[PDB]
Amino acid sequence: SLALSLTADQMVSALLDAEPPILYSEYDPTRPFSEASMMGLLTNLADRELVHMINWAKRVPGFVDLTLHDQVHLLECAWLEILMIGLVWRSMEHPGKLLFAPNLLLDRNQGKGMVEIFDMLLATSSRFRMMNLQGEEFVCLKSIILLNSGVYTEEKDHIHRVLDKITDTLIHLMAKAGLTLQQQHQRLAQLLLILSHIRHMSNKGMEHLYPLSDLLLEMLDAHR
Amino acid sequence: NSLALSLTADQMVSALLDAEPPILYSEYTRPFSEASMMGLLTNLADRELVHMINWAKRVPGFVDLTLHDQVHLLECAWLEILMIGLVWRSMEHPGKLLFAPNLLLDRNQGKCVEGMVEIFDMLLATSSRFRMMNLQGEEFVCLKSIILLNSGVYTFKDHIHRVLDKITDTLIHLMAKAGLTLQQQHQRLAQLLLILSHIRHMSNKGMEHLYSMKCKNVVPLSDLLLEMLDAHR
Amino acid sequence: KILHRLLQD
Amino acid sequence: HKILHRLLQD
Ligand SMILES: O=S(=O)([C@@H]1C[C@@H]2O[C@H]1C(c1ccc(O)cc1)=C2c1ccc(O)cc1)N(CC(F)(F)F)c1ccccc1
């Protein structure tokens, strides 16, 4: 009910408060790195992040108004995208590196078919940096991915009205930063178009996968 | 400096409209098998690609790119562009996909191949979404050009982004002209651009199926289609 | 699905 | 090289 009655500031507050913590990996900087161990570390991390993601999703305005069947579908469609945009966000201040965790900061080299995805993630991080993406914009973008990604695959209408509210919120945030109307609409477009590279990265990721926790396998399932 | 930037909104629209490729016909039928299905679609797509290339050179800003960058964008975007085209001309035929005027298909036919149905349904939902939104031709050609310029630009500079900005300005101009409020304008802009994410998804799933079809020899695919395809492996 | 349970408290 | 190059120049 209440997702459509929030002011833009309340929406931002809600999303910021919902933010999951930054988890650590088990990287031991002594261990020689296997291929298997590096993937082991990332799988271990992602699996733990999924638990926080599930509980973050419940706090995205509108998400609990959806049937439970629909919540499952959205998270199944969006989870990798959401992990990826989080990774790109925390990697922003580390040019040429990906901060998977505060104790796990990898460069392209340590990649390697992962190198291809790593390059795209680095490029995405490079783009957010150039645009000077703000935290408030980031949390909007991430909620959009959740709501958006599976929506096309009567209650669809509620999701679209919540999506509209997040757009209003992005616009509000930009007007407050002093952007002209033209600038607001341009930046809005710029941010949204990124979501399409991100969809792209998630799909190429799944494709390249074809060492996994029980939860990951159950969600990795929904893309085949 | 690029001439594209100096274009007004109406000039951009008129340019994009004038650039539109023609609606092609398939071979002149039903019922269908997997081979004859893919035969018609491959034949049709191949002829559409030649027009797309001449269309792309007429998208303001595209001529200003190096040959290599033009190649890259078209390699990344071509199935997305074929799909948004298909969805656009299918609007008026709810429940159907108008591949050509003489090749209008529904889901049942989609069984024909492996994986066609899932893509089929996604295409139909997109079409329906465009219809319910009353997408205008002027908006459509803006969206299609955005796909061309956007889809490959993160896998390469600022030229492309200023042109993208110009097209955003042009979409907003169109909506303002249609009477929409400020809020309705930003809202609709977002809605349209989010659908582009779904078009990307359809293309990704579509492309890995075209890969497997290469990897039977189900049908002969042209050298041109092969090298467009190979850019995604 | 584990996901489905975790979505329930 | 590629057909695509030929087609883009012509
Ligand atoms: O997309 S991938 O690169 C993926 C993206 C990135 O690196 C891979 C990966 C990851 C995720 C889960 C996992 O079990 C292993 C690896 C990443 C990750 C990103 C953000 C996080 O917060 C946590 C983890 N991938 C697919 C995925 F994620 F499903 F495993 C993959 C796997 C093997 C070979 C090539 C790609």
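All ligand and atom numbering here is 1-based and tracks the order in the structure. Any value given below was found using the heavy atoms of this structure, including those in side chains, with hydrogens, waters and symmetry copies removed. In the text below, chain A, chain B and the rest are named by the order of the sequence lines, each starting its count at 1.
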From the candidates A:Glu49, A:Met38, A:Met84, the one that places a heavy atom nearest atom 23 (C) of ligand 1: A:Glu49

For A:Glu19, salt bridge (charged side-chain N to carboxylate O under 4.0 Å, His left out) partners two or more places apart: A:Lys142

Proximity of A:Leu80 to ligand 1 by residue part, where a heavy atom lies under 4.0 Å: side chain

Proximal atoms of ligand 1 relative to A:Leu209 (non-hydrogen, under 4.0 Å): 29 (F), 30 (F)

Option of least heavy-atom distance to atom 33 (C) of ligand 1 (set: A:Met39, A:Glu35, A:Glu207): A:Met39

Whether B:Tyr154 and B:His161 hold their rings parallel, tilted or perpendicular, with breakpoints at 30° and 60°: perpendicular

Side chain to side chain, A:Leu192 and A:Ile144, heavy atoms closer than 4.5 Å: yes

Listed once per pair and sorted, the salt bridge (charged side-chain N to carboxylate O under 4.0 Å, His left out) pairs that draw on residues 73-84 of chain A, sequence neighbours left out: A:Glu76-C:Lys1, A:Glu81-A:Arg199

Validation row: A:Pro61, A:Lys165 side chains within 4.5 angstrom (heavy atoms): no

Interfacing atoms of ligand 1 (cut-off 4.0 Å, heavy-atom, A:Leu42): 15 (C), 16 (C)

A:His197 and B:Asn150 side chains, donor-acceptor separation under 3.5 Å: no

Ligand 1 contact by A:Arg90, heavy-atom criterion under 4.0 angstrom: yes

N or O contact, A:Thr43 vs ligand 1, cut-off under 3.5 Å: yes

Atom indices of ligand 1 within 4.0 angstrom of A:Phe100 heavy atoms, with elements: 6 (C), 17 (C), 18 (C), 19 (C)

Heavy-atom neighbours of A:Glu26 CD exceed 12 at 6.0 Å: no

Proximal ligand 1 atoms for A:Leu216, defined as those under 4.0 Å from one of its heavy atoms: 14 (O)

